[PDB]
Amino acid sequence: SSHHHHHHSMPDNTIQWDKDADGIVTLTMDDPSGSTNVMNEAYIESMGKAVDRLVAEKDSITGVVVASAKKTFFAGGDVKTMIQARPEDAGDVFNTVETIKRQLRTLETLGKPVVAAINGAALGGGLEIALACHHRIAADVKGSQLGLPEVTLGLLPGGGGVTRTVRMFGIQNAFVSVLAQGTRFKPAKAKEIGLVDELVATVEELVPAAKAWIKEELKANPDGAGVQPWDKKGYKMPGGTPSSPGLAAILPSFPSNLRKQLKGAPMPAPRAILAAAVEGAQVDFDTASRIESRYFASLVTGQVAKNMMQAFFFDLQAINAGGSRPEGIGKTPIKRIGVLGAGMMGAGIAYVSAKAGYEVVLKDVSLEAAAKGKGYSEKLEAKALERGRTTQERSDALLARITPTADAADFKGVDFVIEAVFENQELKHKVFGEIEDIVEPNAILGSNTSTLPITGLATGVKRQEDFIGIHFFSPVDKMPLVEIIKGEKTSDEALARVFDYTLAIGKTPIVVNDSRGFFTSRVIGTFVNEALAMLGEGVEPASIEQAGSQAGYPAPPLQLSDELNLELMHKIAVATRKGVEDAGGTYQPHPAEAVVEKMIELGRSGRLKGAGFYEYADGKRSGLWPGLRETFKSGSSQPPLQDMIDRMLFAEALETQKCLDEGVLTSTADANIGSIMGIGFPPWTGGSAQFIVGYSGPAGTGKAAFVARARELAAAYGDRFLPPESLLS
Amino acid sequence: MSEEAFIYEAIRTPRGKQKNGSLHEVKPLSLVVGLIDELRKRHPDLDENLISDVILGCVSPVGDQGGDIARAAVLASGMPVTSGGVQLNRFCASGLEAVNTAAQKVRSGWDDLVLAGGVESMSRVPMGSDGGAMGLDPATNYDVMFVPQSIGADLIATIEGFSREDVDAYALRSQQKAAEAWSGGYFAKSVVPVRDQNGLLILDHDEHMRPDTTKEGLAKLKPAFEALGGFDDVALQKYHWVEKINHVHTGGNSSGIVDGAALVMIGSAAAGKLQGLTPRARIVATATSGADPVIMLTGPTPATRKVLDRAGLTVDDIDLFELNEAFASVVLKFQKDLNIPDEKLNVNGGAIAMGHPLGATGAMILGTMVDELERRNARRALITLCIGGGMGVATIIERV
Amino acid sequence: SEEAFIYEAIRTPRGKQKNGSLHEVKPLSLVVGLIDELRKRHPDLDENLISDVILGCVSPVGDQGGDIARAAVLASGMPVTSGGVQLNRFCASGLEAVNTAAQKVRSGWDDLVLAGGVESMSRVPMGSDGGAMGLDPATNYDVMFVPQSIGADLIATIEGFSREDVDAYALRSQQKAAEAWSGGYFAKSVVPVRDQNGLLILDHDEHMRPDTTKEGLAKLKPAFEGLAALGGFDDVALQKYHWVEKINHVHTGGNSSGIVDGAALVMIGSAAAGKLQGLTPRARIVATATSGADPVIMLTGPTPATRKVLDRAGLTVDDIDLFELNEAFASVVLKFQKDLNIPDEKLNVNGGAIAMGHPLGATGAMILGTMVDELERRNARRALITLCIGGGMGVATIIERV
Ligand SMILES: CC(C)(COP(=O)(O)OP(=O)(O)OC[C@H]1O[C@@H](n2cnc3c(N)ncnc32)[C@H](O)[C@@H]1OP(=O)(O)O)[C@@H](O)C(=O)NCCC(=O)NCCS
Ligand SMILES: CC(C)(COP(=O)(O)OP(=O)(O)OC[C@H]1O[C@@H](n2cnc3c(N)ncnc32)[C@H](O)[C@@H]1OP(=O)(O)O)[C@@H](O)C(=O)NCCC(=O)NCCS
Ligand SMILES: CC(C)(COP(=O)(O)OP(=O)(O)OC[C@H]1O[C@@H](n2cnc3c(N)ncnc32)[C@H](O)[C@@H]1OP(=O)(O)O)[C@@H](O)C(=O)NCCC(=O)NCCS
Ligand SMILES: Nc1ncnc2c1ncn2[C@@H]1O[C@H](COP(=O)(O)OP(=O)(O)O)[C@@H](O)[C@H]1O
């Protein structure tokens, strides 16, 4: 019943109190311990005092304005605290979140209007404070975002967000539009979907507009002033409650549709949100609110929220703040980008560089080729215009930034080279040779290569200081990682320049040391290699694909195997074998290699040649190749599905730890985000390094549990699953 | 296990169709009361005080079917106030479960004479009307991999390799045998025409029947599913080795949505003799079992095995097999699993032809078998139905 | 042939109707909760040997729709062969569930059966399911429909039970439930309800008012004059009971059963079935009976059902150590006691639904379990359990301690 965290025998104050001559109270949130307001212990004690005071001085208060003194409005829950909650802390987490909501409930049932003056970003806990107000005005300023993204951290909006948006929009709309994906909206979108009521052009207009609104509301609607729609006698939930026939008809389909979207992946958060949403709608507001707390406490004290908070809060933050960017180096703005190659990659790289505002020369071996490469951007722009995400004027300027050419001389004035030609060393030497003297003397010489060591590519140029790996992922317009690779002679300055370029194009960088297969290619290799081995062992291809999807991968492994060329997989294996055999050693082939070779011999080497594990008809993937079953005696091996899932995940986790040991990666932050953004390692794991420390299985949690399971898989499937020394006592 | 349980009467209404059906205007309670008054007419001197319970299957016990419809029937028909009345729901099997429970009550020795049966006015109280602890609860709907039964039927067809033509051939055969049974006069005694408050005829025949069904006609029909949710994907998440569900079930090879009711009088030998009743069959054994909850219509196979084992009998010992025609593939799979001779199976047609009024079907197909054993002068019938969630119920009856 | 034995009998605490602890809890979770307690007590039980789960539920709609028993089997991950049937015999549902389980076990065709009930009255109010007797005019007229509360007042009027008489019974129920709780009688059988995080939701019978006084009971307003005068049900009752001039409305919120949420589970089987699973029998089901009396008075059904069950077992009132009759209304208990001449000290000895509440479909199984425990505690031999029902039905069961 108390607004406070304690009721027996000192935190900082974060709320400035001001009462007008009219009786309007402005509460200005201004945490003195940081640049943003977070739902921390100081906030909680501060709002408890303020809310107590609103009650105490109710005879002299006509209205309330909730505002912020920061660049942003309010930035959400305290992650630093939430990440530490053990199962035995469920009671405290539940109590904390009930206290937060008690305060907001008092705010909302005060008998007077409360208006949120949203100067900037209102996210998670931030928007929840706003939803507890009766009216929301937002400043339509640059960079301002509104939304409830706690699902992206494996949490839910536990400060009333679920209950209120369901009360506002009904179950289906609140879930699909706001809650399930936790999307961040611009102030204009926020207004359209109803998260916000009004917009003003500037921040200074907010408080006055809010006070004006309170004044008019008291005059025009005295009976209903400060009463949320759900608190009125005749309230009707949009879309109905679960007991209403219309909704009842579709409701059983909601969990199945969700399981369809998630493909059976073990991500507890969307499920918990849906249960909270529905259960809440069955009962009065306060009961609905309390159910919400229980589901919140459940996610928080669980492992996935821990994994996801670590990756999508802590690791991302560290990366975005230049954790892998060398210290001393300043900026070098980019004037003209040159792209070599007009296939998917080069065309893609040209698009993202152009979209970011850069002039691009797109060079291929013929003008026809280079033109069709620019056509890739034209296709994307056509879709972007149809979906209404850009203007004709803006699009035309984007496309006009790309000049397709066949002529090497057109790389004059180019200060950033990104090469994306065929995976061949001598070719890349030739292609860079044709260009190194034409470009600016200080130009970056970047290579998009998936396996060939950068040190070996650099020798084909004169200025090896400026030669670097700039590794993108297909399709480039969608994939958010750039893997930056430092060759032996690559300078620190060259690193920063490419680092800065990545941020400039709206992508996330990892910095990796030169080594064959780098980080991304080597690790993804282990994943698909496990799948092909299962196919060779006699496992149903359908099961293999199900295991990939239910593991949480964005694409099943055999499907993916088709996109990576099987001939490319072959020459990777040939290269590894050569290095060992030349150094007087004996090569131990992965069991997958025989399956790769089998498919080559069958003339089914992947999508690029029209046939792989799948059948391809008229640019479309049809179904699995029915001849697969006879070829590999499918069905003769039927291991538990969880063994298949684990084989894939564990192969990658183990290989990630090797990369860390060998110094290929220099931080677990890079390992995690790199695995997630580069090679589609499942978001629920928090990444391929987090997977180790955060492992949870039938027989325990943590590094010790991971080690046990890995030994379990080793005994069953082969020594490749034995953990590296670095993981053991 | 003391007192033997006997079937003395087994009657039913005709089944009215879902769209513009003759029974739509008739309250489910009236359907039951009509059957009570037929039994009254058939045995005008029965001492009704000797009836200790009325047990009815009802799958959507809500609205017109709420408030314990069995007790409503007892009171509305003016039966003695001591005659009980209990509603039960074991989904599709409800009707037979009521008979089984009635028989078990007699065997225990603590009841003497019981009315069992069921009622479903699907045109007035649609399937799903009662809500559902599962669906109203995403948390357990999510955990328990709920898929509607139609999807399971399609999945059975996919796994066992029953084609669209295979399932439609079964449908055509159901219609043919229902028609033959009707023309043959097989049902004249057991289908009790429904009449209004004035004695005027409302319905005297199973109006869902389409006796002129053809192979060609059935092939023209569209598949029922492809519900518009994500249930296929869910099904395949459990059955990871299956690539694609083949959707072969249509309105032509699935059971009809219909209105209907059934009553069965069950009693000990003494109970029947004392009231001058002639026993028609004996309940040999009953069983409740089940199988996988996603392929949910595969529970009749272990339930049959369990009732056979329990009565010391084998498939060879059974003259007539009666399995509810919820979906063509369920029947074909049951026939395949147990090597059931075609000419022993659903010999008078089934629910594809005549409809499947959920809570009543069990009792209807039981009565159908009582009559057929008598007519063929045969000895043993096994009656079975699949159930939602993956349950199965089964009963052996022997003609006396 | 086979005897039916009770191996376990457990229940949830009963959550109250207004601002109740269990309002936030789905009735399905109430059952799953109790299933998990049974697993905890016998972790090595072979669940494949459980052939059915039979649950009484009077309002089987919404959260309680769709065969809640089957839902419990699946939700708790019990074997898919383990059945699940919902039944509804109004107030007697819970005991009817048990009796049916016993009859199934006796018949030989079931080995081991979970029986019980669940009613979440705060989420699924009584009457939520509709029904012809109330909602179809032709048959409402035909059955002379009258709310049971009016029958209770009419019983009081005919028997000469005064308002003080019914309140005095109410006080005793309160005193006896408080003594049972304080005495630890309910420690093993009432299973606290917890959330998904293991946090406590409820561990006692919230509806109880152990500080009830006769003064406070006297202050209460008759509850059923809102249905009586503004529904015409008084006049309907008196058209049948034509010699009665005026119904004395003596029942209030303080001497009628409480509207509550709760669930109960009972494990029933044959000697062989228990032996196989290392279970110790606690009581034997001696006999069951269903019967009835007039549907307008509605709540005199317990008497002929009790007589029939005593006769079936070849016993008399004298042979029975404890009598447990559901406290739907005080007058119904007082009528029963007077009719059969039940000694006071043998009747509802641990308190009843006036104090603890009457969660419709579960009550029968709760008060059964209560007797299993009280017999074991006192080291007594036999209890007879009975409940009144809607439309004039009655069910009775005699259990014998093993
Ligand atoms: C609001 C935002 C867009 C603006 O960020 P910014 O001001 O450009 O820079 P930062 O985000 O680094 O903010 C600076 C500080 O605020 C902190 N901060 C921001 N949101 C926080 C949260 N939800 N919990 C804890 N700390 C937070 C950062 O950790 C950082 O701490 P530091 O200065 O001690 O290193 C950004 O802080 C953000 O995206 N916040 C997260 C909101 C979110 O994801 N919602 C879900 C959380 S429940
Ligand atoms: C019956 C069910 C398929 C719904 O189908 P439906 O389309 O409503 O049924 P209809 O009779 O309208 O069939 C659709 C079409 O097929 C046609 N059709 C059906 N049988 C036919 C036959 N033998 N020959 C030719 N046409 C036929 C109908 O004429 C109709 O044609 P139209 O679309 O031109 O009007 C489905 O709801 C069902 O049966 N579910 C099973 C219920 C169950 O098992 N319950 C589980 C208990 S828990
Ligand atoms: C119980 C019933 C009378 C509802 O009563 P209610 O008024 O909702 O419940 P309450 O306990 O609030 O009513 C008693 C009033 O006196 C008070 N009161 C109740 N018991 C009391 C006691 N022992 N001592 C002192 N005061 C008491 C309550 O606080 C309430 O007062 P308030 O108005 O100041 O809050 C009625 O709905 C009922 O008993 N139904 C039972 C259903 C049944 O018999 N079975 C159906 C099977 S078909
Ligand atoms: N886990 C599995 N992986 C691959 N195939 C399976 C699996 N389970 C069953 N099957 C298929 O089903 C057949 C045998 O199992 P089945 O009888 O279907 O088991 P169930 O009792 O689950 O129905 C095999 O021929 C096989 O093709």
Side-chain angles (χ1 to χ4, degrees), chain A residues 33-36 38-40 70-72 75-82 120-121 123-126 143 145 147-150 152-153 155 157 182 184 309 312-314 317 320-321, chain B residues 17-19 59 91-92 122 127-128 148-150 153 171-172 175 208 210 212-214 217-218 220-222 224 249-257 297 324 326-327 351-353 356 358 386-388, chain C residues 16-18 58 90-91 121 126 148-149 152 170-171 174 207 209 211-213 216-217 219-221 223-224 251-259 298-299 326 328-329 353-355 358 360 363 388-390:
Chain A
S33 70
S35 36
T36 61
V38 298
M39 215 162 245
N40 56 10
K70 307 295 196 203
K71 321 211 162 197
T72 54
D78 192 19
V79 175
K80 307 177 292 137
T81 308
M82 301 187 301
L123 295 169
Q145 294 163 332
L148 300 171
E150 33 269 83
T152 69
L153 305 184
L155 304 173
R184 308 154 118 103
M309 283 186 281
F312 301 101
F313 190 75
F314 291 101
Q317 227 106 310
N320 286 339
Chain B
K17 61 192 202 200
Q18 182 187 42
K19 290 150 174 178
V59 185
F91 297 129
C92 298
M122 297 178 89
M127 172 173 42
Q149 36 266 109
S150 43
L172 167 76
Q175 298 277 5
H208 182 66
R210 306 178 52 101
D212 297 321
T213 293
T214 63
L218 289 166
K220 277 185 275 202
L221 302 190
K222 280 208 158 188
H249 294 281
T250 72
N253 57 35
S254 303
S255 68
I257 318 299
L297 310 153
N324 190 40
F327 296 89
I352 292 155
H356 163 41
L358 309 183
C386 49
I387 309 157
Chain C
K16 64 188 200 191
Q17 184 194 21
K18 264 100 174 131
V58 176
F90 295 136
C91 309
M121 291 175 80
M126 163 175 48
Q148 23 148 45
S149 52
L171 176 66
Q174 294 286 4
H207 183 61
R209 299 170 86 108
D211 293 340
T212 293
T213 60
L217 286 171
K219 279 190 234 279
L220 308 187
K221 280 170 189 188
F224 309 106
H251 295 95
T252 67
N255 60 30
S256 306
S257 65
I259 293 169
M298 193 162 283
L299 313 155
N326 193 41
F329 305 86
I354 291 162
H358 175 17
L360 308 187
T363 309
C388 52
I389 323 169

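We count ligands from 1, going down the list as the structure has it; atoms in each ligand are counted the same way. Order of the sequence lines fixes the chain letters, A, B, ..., with proteins taken first and strands second; residue numbering starts at 1 for each chain.
- When non-hydrogen atoms are compared, ligand 3 lies under 4.0 Å from neither the backbone nor the side chain of C/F90.
- No heavy atom of C/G390 sits closer than 4.0 Å to any atom of ligand 3.
- Distances below 4.0 Å separate heavy atoms of C/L217 from the following atoms of ligand 3: 22 (C), 23 (N).
- The shortest heavy-atom distance from C/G258 to ligand 3 is not under 4.0 Å.
- A search for salt bridge (charged side-chain N to carboxylate O under 4.0 Å, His left out) contacts involving A/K70 returns A/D30, not counting sequence neighbours.
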Check ligand 1 against the protein and report each N/O to N/O distance under 3.5 Å, formatted as atom name, atom name, distance.
from, atom 1, to, atom 2, distance (Å)
ligand 1, 16 (O), A/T36, OG1, 3.3
ligand 1, 23 (N), A/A75, O, 3.2
ligand 1, 23 (N), A/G77, O, 2.8
ligand 1, 24 (N), A/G77, O, 2.8
ligand 1, 29 (O), A/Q317, NE2, 3.4
ligand 1, 39 (O), A/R184, NH2, 3.3
ligand 1, 44 (O), A/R184, NH2, 3.1

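- Of all the atoms in ligand 2, the ones that sit under 4.0 Å from a non-hydrogen atom of B/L358 are 45 (N), 47 (C).
- Residues satisfying the ring pair (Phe, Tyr, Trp, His ring centres under 6.0 Å) test with B/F327, not counting sequence neighbours, are B/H249.
- Between C/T212 and ligand 3, an N or O atom pair is found at a separation short of 3.5 Å.
- Ligand 2 lies out of reach of B/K17, whose nearest heavy atom is not under 4.0 Å from it.
- Legend: residues meeting side-chain contact (heavy atoms from CB on, under 4.5 Å) with B/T213, ordered by chain and number and at least two apart, are B/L172, B/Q175, B/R210, B/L218.
- When each atom of ligand 2 is checked for a heavy atom of B/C92 under 4.0 Å away, the hits are 46 (C), 47 (C), 48 (S).
- Looking at C/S257 next to ligand 3, an N or O pair under 3.5 Å apart turns up.
- Atoms of ligand 3 lying under 4.0 Å from at least one heavy atom of C/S256, given by number and element, are 39 (O).
- Inclusion of C/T252 in the set of residues having an N or O under 3.5 Å from an N or O of ligand 3 is not warranted.
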